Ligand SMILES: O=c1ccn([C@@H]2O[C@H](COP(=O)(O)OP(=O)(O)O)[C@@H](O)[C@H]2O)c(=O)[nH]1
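A single chain comes next, written as C-alpha cells; it is the form solved without uridine-5'-diphosphate (UDP).
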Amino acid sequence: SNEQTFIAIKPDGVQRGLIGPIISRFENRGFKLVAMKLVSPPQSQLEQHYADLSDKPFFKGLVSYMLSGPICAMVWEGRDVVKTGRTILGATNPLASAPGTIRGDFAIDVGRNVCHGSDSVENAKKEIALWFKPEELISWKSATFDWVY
C-alpha cells in the first residue's frame, strides 16, 4: 500500500475543466493523495520527463503543448497504484480506451489525452523525483485506511 505513482493532468485537461473529475476517480477508488501542485514547469523539466522520446519527430510539438498551459501534478499512493492508475486513465490512445476510464470518458486524440500516468514503478520514482521537491510529499494516514485494506 506504499507504492506511489505520478499522475499529471495535462494542459488540455486543465483547460477543459477536468481537474475535479480526474481527482475524484483516484479519490473514490481509495488511493491516497500525498502530493499535489498546479505548476507551469520549465521547458528543461518537460524535456527531461519525456527524455525517452527525445528522438521522436513529435518531441518538439509534444514539449510545446505541455508548455502551453498549467499542469496539475500529483502523487498518489496505494497498492498497485502504478498499474491500476494506468487502468483508471485508460489506454494511452483514447480511441483504444474503455468508457468508464478517464480517457474513455473525456478524450479522443492521443496527442490530447488529458492526463499522464507513470508506466512503471521505477519510472514513477524518477518522475516523482523530477516533478516534486522531497518535502512536498505529505505523510498522513487516512481515517478509512483499515476499511480500504
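So that the term is clear: the rigid core is the largest set of C-alpha atoms that superpose within 1.5 Å between two forms. Residue numbers here begin at 1 and follow the sequence given.
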Between stretches 64-72 and 51-59, more displaced by Cα RMS in 7 other deposited structures of this protein (rigid core superposition) = 51-59
Taking only the CA atoms, which stretch has the higher mean B-factor in the record, 7-15 or 128-136?
-> 128-136
Mean temperature factor over C-alpha atoms, higher-scoring stretch between 87-95 and 57-65 | 57-65
Among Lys37, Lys32, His116, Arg29, which carries the highest Cα B-factor?
-> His116
Tell me, lowest, middle or highest third: where does the Cα B factor of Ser120 rank within its chain?
-> highest
Lowest, middle or highest third: where is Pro70 by Cα B-factor in its chain?
-> lowest
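The same protein has a further form, the form solved in complex with uridine-5'-diphosphate (UDP), not shown here; the description that follows concerns it.
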May I ask whether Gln4, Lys32 and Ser142 all come within 4.5 angstroms of uridine-5'-diphosphate (UDP) in the deposited complex, judged by heavy atoms?
-> no
Only one of 56-64, 76-84, 40-48, 24-32 sits within 4.5 Å of uridine-5'-diphosphate (UDP) in the deposited complex by heavy atom distance, namely 56-64
Does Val110 reach uridine-5'-diphosphate (UDP) in the deposited complex, with heavy atoms at most 4.5 Å apart?
-> yes
Exercise: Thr92 in contact with uridine-5'-diphosphate (UDP) in the deposited complex, heavy atom 4.5 Å | yes
